[PDB]
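Just one chain is shown here, as structure tokens, and it is the form deposited in one PDB entry.
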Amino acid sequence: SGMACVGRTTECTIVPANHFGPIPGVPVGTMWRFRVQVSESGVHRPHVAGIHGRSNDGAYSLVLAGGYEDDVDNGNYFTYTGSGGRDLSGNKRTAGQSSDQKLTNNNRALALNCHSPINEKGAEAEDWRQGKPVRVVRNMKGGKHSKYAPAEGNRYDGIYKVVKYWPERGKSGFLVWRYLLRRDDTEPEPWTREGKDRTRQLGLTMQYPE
């Protein structure tokens, strides 16, 4: 049973659900054992899903949890995969790819973060820094392939921005939507020495549920 089925004990209200950018008083480096806790913070509100966004506005946050084999993670930037293209009948939450992904819902949302007009064929922004920001969280299950994944739980790695997005056939040979994200943040990367020394200077530790 454990945390498989818990709701939030609390809701971040200090900003609303459609906040782009950092959540005040939640520094880069903050760690949480479980996803529900990350939601409570306001950093990444969806319980389960990879991306938080609205398809007419943008994506606010996302998570690297190694659920999608087409994710490739490079620390300072990375290539994320859109959701969907899966059959979840049977009240499932994850499956392997069984059909082509679509430029809709969160995939559309995240496409809108990119400083260039929405294009059903994908696009790049030349001035990508001027795009709408995305809170990036990394979870310990990216560790199988990524050396940037934390040993446990979830960690907040700061703001990144969608350099470009395009559709393409993934390792499974179904179409997937891919997004190139790149870091633009005021604090160091939690995995670096400097980033690590900063965690310590802030005295951040793993937060567990009360």
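The numbering used is simple: start at 1 and walk along the sequence shown. The term rigid core refers to the maximal set of C-alpha atoms that superpose within 1.5 Å between the two forms. Shifts are known only where both forms have a C-alpha.
Only in words, not in the display: the form deposited in another entry, which the text now covers.
Asks: If you fit the two forms on their rigid core, which residue out of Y156, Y160, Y68, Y179 shows a CA shift of at least 2 Å between the shown form and the other one?
Replies: Between the two forms, the residue that moves is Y68.
Asks: Fitting the rigid core first, would the Cα of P27 be found 2 Å or more away between the shown form and the other one?
Replies: Superposed on the core, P27 moves its C-alpha less than 2 Å between the shown form and the other one.
Asks: Does superposing the core leave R54 with a CA shift of 2 Å or more between the shown form and the other one?
Replies: Shift of 2 Å or more: no.
Asks: Moving stretches between the shown form and the other one on a rigid-core fit: which runs of at least three residues all have C-alpha shifts of 2 Å or more?
Replies: Runs moving 2 Å or more: 67-71, 97-100, 169-175.
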